[PDB]
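Colleague: Sequence isn't available, so here's the structure alone:
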Ligand SMILES: *[C@@H]1O[C@H](CO)[C@@H](O)[C@H](O)[C@H]1NC(C)=O
Ligand SMILES: Nc1ncnc2[nH]cnc12
């Protein structure tokens, strides 16, 4: 499957990892030239395993649902960890079976619950490659409060980067120095399901959105996306959540 090493990492090797991540996700269709994620996949094939190595070369393996890029759980050493949600519970039937013990985290995997658990919102959590290195290290030694913050970092630097070229670039820019995400980054993370839906509805509507998506731009101004000619659609989003899953 897919792998990333913090040791010796630079914007280029990180770019390569995110390309591999994207390429690991199956699709039979591109909508407006953007891969469309499958409505569903049955069995173990539903889950991609990412091998992540911290600077010291310690590893965790992260389980990702290939239909939505949602992290379900991870394996650190001989212990598996899964979010407290039905979908992750299902995932546990298929991944890291050979783990000696299984811990269920005291929270689900969505941003609202993770931010509560961590004690701070994504806006205040620095991200980048050094932050990912830290996050890997944290997840290696169970601590549920610290893990929440680690998971917010991990999620944004893997799944959200795969979904948006702008987020990938934000992280490449933070290769050697962490920084809290721009509001544009937060906006995009928030809008993924909504943009995926509207890009899909745009087919058979002459590339026009049924409902406009309000984003925040790089310069910090609130903009609305109304059609597929927008740069968000042509030059940013890289994966579409299948409408069947919305
Ligand atoms: C499509 O969106 C652009 C902004 O990106 C806007 O200027 C244009 O008016 C829109 N076109 C239509 C047909 O709505
Ligand atoms: N658990 C998760 N995995 C991937 N992306 C997410 N966005 C919010 N929660 C997420």
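Modeller: Now that the structure is in, tell me what you want to look at. Numbering: from 1, shown residues only. Ligands and ions are numbered 1, 2, ... in the order given.
Colleague: Tell me how many other residues surround residue 190.
Modeller: Neighbours of residue 190 under the rule other CB atoms under 10 Å: 16. Every C-beta, even on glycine, is put in place using the N, C-alpha and C of the backbone.
Colleague: Contacts for the helix or strand where it lies next, please.
Modeller: Assigned by DSSP states H and E, residue 190 belongs to helix 183-202. For helix 183-202, the surrounding residues in contact (CB atoms under 8 Å, 6 or more residues apart in numbering) are 31-32, 34, 36, 111, 122-123, 156, 160, 163-164, 166-167, 170, 181, 208-211, 213-218, 220, 225, 227-228, 232-233, 236-237, 240-243, 246.
Colleague: ok, of the residues you listed, which come out buried?
Modeller: Buried members of the contacts of helix 183-202, counted by 16 or more other CB atoms under 10 Å: 31-32, 34, 36, 111, 122, 156, 160, 163-164, 166-167, 170, 181, 209, 213, 215-216, 225, 228, 232-233, 236-237, 240-243.
Colleague: Does residue 56 belong to a helix, a strand or coil?
Modeller: coil (DSSP: H, G, I helix; E, B strand; the rest coil).
Colleague: where's it relative to residue 175, distance?
Modeller: For residue 56, the distance to residue 175 equals 18 Å [CB to CB, to the nearest Å].
Colleague: ditto for residue 140
Modeller: On the measure of CB to CB, residue 140 and residue 175 end up 22 Å apart.
Colleague: give me the element residue 84 is part of.
Modeller: Applying DSSP H and E, one finds residue 84 in no helix or strand.
Colleague: just checking, it touches residue 107?
Modeller: Yes: judged on CB atoms under 8 Å, residue 84 makes contact with residue 107 at a distance of 5.9 Å.
Colleague: Compare those two (neighbour count), which wins?
Modeller: residue 107 (20 against 13).
Colleague: any idea what the more buried one is structurally, helix, strand or coil?
Modeller: Under three-state DSSP, residue 107 comes out as coil.
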